[PDB]
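Asker: fold the following for me, if possible:
(one chain, ligands or ions: 1)
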Amino acid sequence: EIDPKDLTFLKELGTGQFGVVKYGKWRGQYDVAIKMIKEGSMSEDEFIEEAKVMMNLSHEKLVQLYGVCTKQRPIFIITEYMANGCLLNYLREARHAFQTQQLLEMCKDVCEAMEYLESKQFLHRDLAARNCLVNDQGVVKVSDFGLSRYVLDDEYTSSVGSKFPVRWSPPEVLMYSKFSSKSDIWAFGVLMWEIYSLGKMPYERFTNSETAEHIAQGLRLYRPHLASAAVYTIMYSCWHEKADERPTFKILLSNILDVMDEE
Ligand SMILES: Cn1nc(-c2cccc(-n3ncc4cc(C(C)(C)C)cc(F)c4c3=O)c2CO)cc(Nc2ccc(C(=O)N3CCOCC3)cn2)c1=O
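Answerer: Numbering: from 1, shown residues only. Pasting the structure now:
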């Protein structure tokens, strides 16, 4: 529990599923981001109970939760501040002129975070470049893990809703609501595709509805130009039609390290 007397509100950082997020300082010293949870957007009591478990998730590649303000409304969520914002927009800025080793290191950052979540049996459920952030050193960290469970908007939570992450979801989620570790694995493969494509929309010439068909029929994202055969094999291995034949994040991490050594 953070005391809101110890916060300031300095600049807007944009809006997400729960409303506005601000940059400010905590204790007059520490940079933070502050989610101000919009009324009606969150299952607040459930989140408050889960925040207790989320306070114990800590890894260098996970955005760090500093605390919450829950003796008031709106509730606030206080985290690590990530100076370069979301990965998706960062990827899309041509000035960065990334080398492919830098792209692979972004995949590795995310894979490390995801291996830690997997070790805790904790699903993200919306892993995608829009839900990763980049700090002032260029390190990518996974954000907003587990928070999909508290979203009240049916357009997000329904698998045929307009906001559901269709292009990041495996067939068994879209058809049956079968969420598992292996559904985050599928999304991670799509995220590597986003990274190697410099932030293109997956299935860029298809709708959500056409994507769900394409993939249920066995077809897959093409190799981005910047991806070697070895990198494409890694992302592609995340998309096996049999969930149980997809790798774990531990295996992915070893594969990524091997390719880094090879390249
Ligand atoms: C910690 N933090 N947070 C956000 C932030 C802000 C708005 C929304 C969200 N967001 N994103 C996804 C999401 C998903 C869900 C589910 C439930 C759908 C998964 C639930 C949610 F609450 C959310 C959610 O709030 C976040 C990330 O949390 C943004 C941060 N930093 C910056 C820094 C710079 C700039 C910028 O302006 N620039 C200018 C151009 O150069 C680059 C930098 C912008 N932001 C930050 O440090």
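Asker: and the strands in the stretch 151-263 of the chain?
Answerer: Using DSSP state E, counting those that start in this stretch, no strands are found in the stretch 151-263 of the chain.
Asker: distance of the residue of it found nearest the ligand relative to residue 4?
Answerer: Of all residues in the stretch 151-263 of the chain, residue 151 sits closest to the ligand, at 5.1 Å by CB to the nearest ligand atom. In short, each C-beta sits where N, CA and C put it, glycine included. With distances taken as CB to CB, to the nearest Å, residue 151 is found 24 Å from residue 4.
Asker: re the thing from before, count the neighbours of the residue of the stretch 151-263 of the chain closest to the ligand for me.
Answerer: With neighbours defined by other CB atoms under 10 Å, the count for residue 151 comes to 19.
Asker: tell me which stretches of this protein form helices.
Answerer: When assigned using DSSP state H, the helices of the chain occupy the ranges 44-54, 87-91, 100-119, 154-157, 171-176, 181-196, 208-216, 229-237, 249-262.
Asker: quick check: buried residues in the fifth one?
Answerer: Just to be clear, that refers to helix 171-176. Taking 16 or more other CB atoms under 10 Å as the basis for neighbour counts, the residues of helix 171-176 that come out buried are 171-174.
Asker: check the longest one too.
Answerer: Residues of helix 100-119 classed as buried under the neighbour-count rule (16+ other CB under 10 Å) are 103-118.
Asker: the residue of the chain at minimum distance from the ligand: what's it in contact with?
Answerer: The shortest separation between the chain and the ligand is 2.5 Å, found at residue 16 (distances taken as CB to the nearest ligand atom). For residue 16, the residues meeting the contact criterion (CB atoms under 8 Å, 6 or more residues apart in numbering) are 35, 144.
Asker: would you check that residue 221 makes contact with residue 203?
Answerer: Yes. The pair residue 221 and residue 203 qualifies as a contact (CB atoms under 8 Å) at a distance of 6.9 Å.
Asker: and those two? Which one has more around it.
Answerer: Legend: neighbour count by other CB under 10 Å for residue 221 and residue 203, higher for residue 221 (24 against 21).
Asker: next, count neighbours for the closest residue to the more buried one other than its chain neighbours.
Answerer: Leaving aside its chain neighbours, residue 221 sits nearest to residue 193 (5.0 Å; criterion: CB to CB, 6 or more residues apart in numbering). By the measure other CB under 10 Å, the count of residues near residue 193 is 27.
Asker: first-to-last residue distance for stretch 37-57?
Answerer: The stretch stretch 37-57 measures 21 Å between its terminal residues, going by CA to CA, to the nearest Å.
Asker: right, is it up against the ligand?
Answerer: No. Stretch 37-57 lies out of reach of the ligand by CB under 6 Å from any ligand atom, never closer than 8.1 Å.
Asker: list the contacts of that stretch.
Answerer: Outside stretch 37-57, the residues within contact range by CB under 8 Å, 6+ apart are 17-20, 65, 67-68, 70, 73-77, 116-117, 120, 122, 145-147, 149-153.
Asker: enumerate the residues of the chain near the ligand.
Answerer: Within the chain, the residues that sit near the ligand (CB under 6 Å from any ligand atom) are 13-18, 21, 33, 35, 63, 79, 81-85, 126, 131, 133, 143-144, 147-148, 151.
Asker: 5 Å instead?
Answerer: Counting by CB under 5 Å from any ligand atom, the residues of the chain lying close to the ligand are 13-14, 16-18, 21, 33, 79, 81-82, 85, 126, 143-144, 147-148.
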